[PDB]
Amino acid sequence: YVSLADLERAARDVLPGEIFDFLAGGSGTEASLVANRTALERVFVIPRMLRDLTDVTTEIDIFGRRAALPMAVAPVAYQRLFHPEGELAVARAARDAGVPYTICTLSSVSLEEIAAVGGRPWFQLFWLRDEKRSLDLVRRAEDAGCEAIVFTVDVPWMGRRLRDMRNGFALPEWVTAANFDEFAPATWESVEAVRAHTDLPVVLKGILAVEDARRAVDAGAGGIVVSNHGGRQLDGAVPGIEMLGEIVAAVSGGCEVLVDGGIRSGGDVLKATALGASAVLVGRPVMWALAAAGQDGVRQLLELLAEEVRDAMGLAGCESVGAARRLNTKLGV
């Protein structure tokens, strides 16, 4: 594999069509799904030359811990859909690569088991109709050694996935929500309840409006993820990468600002960094690699991404991620 695009084809071959569609699809006409890619492709980097590259490092410090790349594995539900070892395979590879892994509320392996793998586990929270269950999940995650709560705030309910509707897609009975034995819309009061219930940094995932980013900082969030949920929620929602610069300026260092949606290479990581992001999340490509070759597949993906990030940073004259954030960009056609 010399690019992430190699993996998608491999995954399409092995996966049942209905499952590949669940993974690949977006909501409505998939306008926001496509726009995530279009938006990245319009961004060009202005590289710097002739700087010291004797010790190029791709490492960052985030939420108290060192990470090997400015990157984490995005929360993706029911990973046993893509491979028998599911979340355990991905978590093991992420651990080995020094990249944070985000355990899902809807993981098909329990959060305690995934956390036992080690590494840098974060935990993604969906707000539940029974609030006490949501706060219990948070407590479970913290007890199991998760380092951050990624509170998903753009899913008051699931978007309308036309591929899934057309396929009549449903969870195979061999895939379950292992954390349970349903959703409620989250509000700012929900965020406060979570913040008061944990010492872990709370990260609001799915922020797109500048004033929501400001309010996130005021609410005590340790980070936000600028995101339209991979084009899977509001169809017609602006791509996060189009809002990123404005949001980074507005929060003015008040919290970590992550972005996701369409990151498909080290060059894309460089673009996000240059626009001001602390780090990116990567979703579908990690699942392509999992589907294609299990744990070893994800390992290969992360090794490829690591080399592409180092390459891009050096070619752009950046010895550190901090330097990459000070790069300028130019919009193209």
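C-alpha atoms forming the largest set that superposes within 1.5 Å between two forms make up the rigid core. Note that residue numbering follows the sequence shown and begins at 1.
After superposition on the rigid core, the larger root-mean-square Cα deviation in 7 other deposited structures of this protein belongs to 129-137, not to the other of 129-137 and 214-222.
Of the other entries compared for this protein that flank it with modelled residues, a third or more give no atoms for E182. Unmodelled residues of the deposited sequence between neighbouring positions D181 and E182 number 10 or more. Higher average CA B factor: 125-133, of the stretches 125-133 and 235-243. For the pair 211-219 and 80-88, the mean Cα B-factor is higher in 80-88. Considering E256, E147, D143, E113 together, the PDB entry gives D143 the largest C-alpha B factor. Of the candidates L171, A93, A249, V117, the deposited coordinates give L171 the top C-alpha B factor. Ranked against the other modelled residues of its chain, the C-alpha B-factor of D55 as given in the entry falls in the highest third.
The deposited CA B-factor of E30 belongs to the middle third of values across its chain. The deposited CA B-factor of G317 belongs to the lowest third of values across its chain.
In the PDB entry, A196 places in the highest third of its chain by CA B-factor. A274: CA B factor in the lowest third of modelled residues in this chain (values from the PDB entry).
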